[PDB]
Amino acid sequence: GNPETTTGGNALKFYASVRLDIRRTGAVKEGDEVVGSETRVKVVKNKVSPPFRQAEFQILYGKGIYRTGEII
DNA sequence: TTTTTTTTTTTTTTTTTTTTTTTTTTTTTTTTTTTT
């Protein structure tokens, strides 16, 4: 299976109406220096719509999440 | 024959019903082969 396991007991995954799984895949670079990181959010549970609808996006330091980058 | 008159005091306990929680990695090992 998957060795990784969250902390804080397992009384929270029953009540949690929706659980995300955020991971950092790559880093965005302006030539040589890094400005942001490539995040990959995966919905591992959901009580309001089908689960496992993993969605990827890029977040820039200071400027926040890159809404425009993913809209295009 | 007539002719009623006045209450007094507490004694005793009886029985338990129910579980609720995980949490943490740890470690490298060993070369092979001259070619003209």
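The rules behind these values
- Residues numbered from 1 in each chain as written, not as in the entry; some residues may be left out.
- Chains lettered and ligands numbered in written order.
- Part of a larger assembly, values for the part shown.
- Heavy atoms only, no water.
- Helix = DSSP H or I, 4+ residues; strand = E, 2+ residues; numbered from the N terminus.
- Rg over C-alpha atoms; globule rule 2.2 N^0.38 Å.
- Contact = heavy atoms within 4.5 Å.
- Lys, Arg positive; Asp, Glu negative; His and termini not counted.
- Charge placed at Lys NZ, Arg CZ, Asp CG, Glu CD.
- Buried < 20%, exposed > 50% of the residue type's maximum accessible area, 1.4 Å probe, protein only.
- Near = heavy atom within 4 Å.
- Polar contact = N/O pair within 3.5 Å; in protein donor to acceptor, adjacent residues only side chain to side chain.
- Pairing = 2+ DSSP bridges.

Per the PDB record, this model was obtained through cryo-EM at a reported resolution of 3.43 Å.

1. A look at the overall build of chain A
The number of helices and strands found in chain A is two helices and four strands. Scanning chain A from its N terminus toward the C terminus, one meets helices and strands in the order α-β-β-β-β-α. Here chain A has a C-alpha radius of gyration of 15 Å; the compact-globule value for 72 residues is 11 Å, and the former is much larger. If you take every contact in chain A between residues at least 6 apart in sequence, the share linking residues at least 24 apart comes to 26%. When the 12 basic and 8 acidic side-chain charges of chain A are each reduced to a single mean position, those positions are 13 Å apart.

2. Describing unusual backbone geometry
Look at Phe-52: it is not a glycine, yet its phi comes out positive at around 60°. In this fold, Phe-52 is placed in the loop between β2 (33-46) and β3 (55-60). Using a relative accessible area of 55% as the deciding quantity, one classes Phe-52 as exposed.

3. Notes on the protein's contact with DNA strand B
Neighbouring residues of DNA strand B: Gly-8, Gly-9 and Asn-10. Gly-9 places a main-chain nitrogen or oxygen 3.1 Å from a phosphate oxygen of DNA strand B. One nitrogen or oxygen atom from the side chain of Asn-10 is found 2.5 Å from a phosphate oxygen belonging to DNA strand B.

4. As for the sheet that holds β2
Across the sheet, which stays open at both edges, the four strands sit in the order β1-β2-β3-β4 with antiparallel pairing between neighbours. Edge positions in the open sheet fall to β1 (18-30) and β4 (64-65), since each of these has one partner strand only. Where β2 meets β3, six bridges bridge the pair, whose relative direction is antiparallel. By the bridge assignment for β3, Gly-36 is matched with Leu-60.

5. Structural notes on the environment of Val-18
By the secondary structure assignment, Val-18 is in strand β1. With relative accessibility at 44%, the residue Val-18 sits in the partly exposed group. For the pair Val-18 and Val-43, spaced 25 residues apart in the sequence, the C-alpha separation amounts to 7.5 Å. With residues up to four places along the chain from it excluded, the contact list for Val-18 reads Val-43, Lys-45 and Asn-46.

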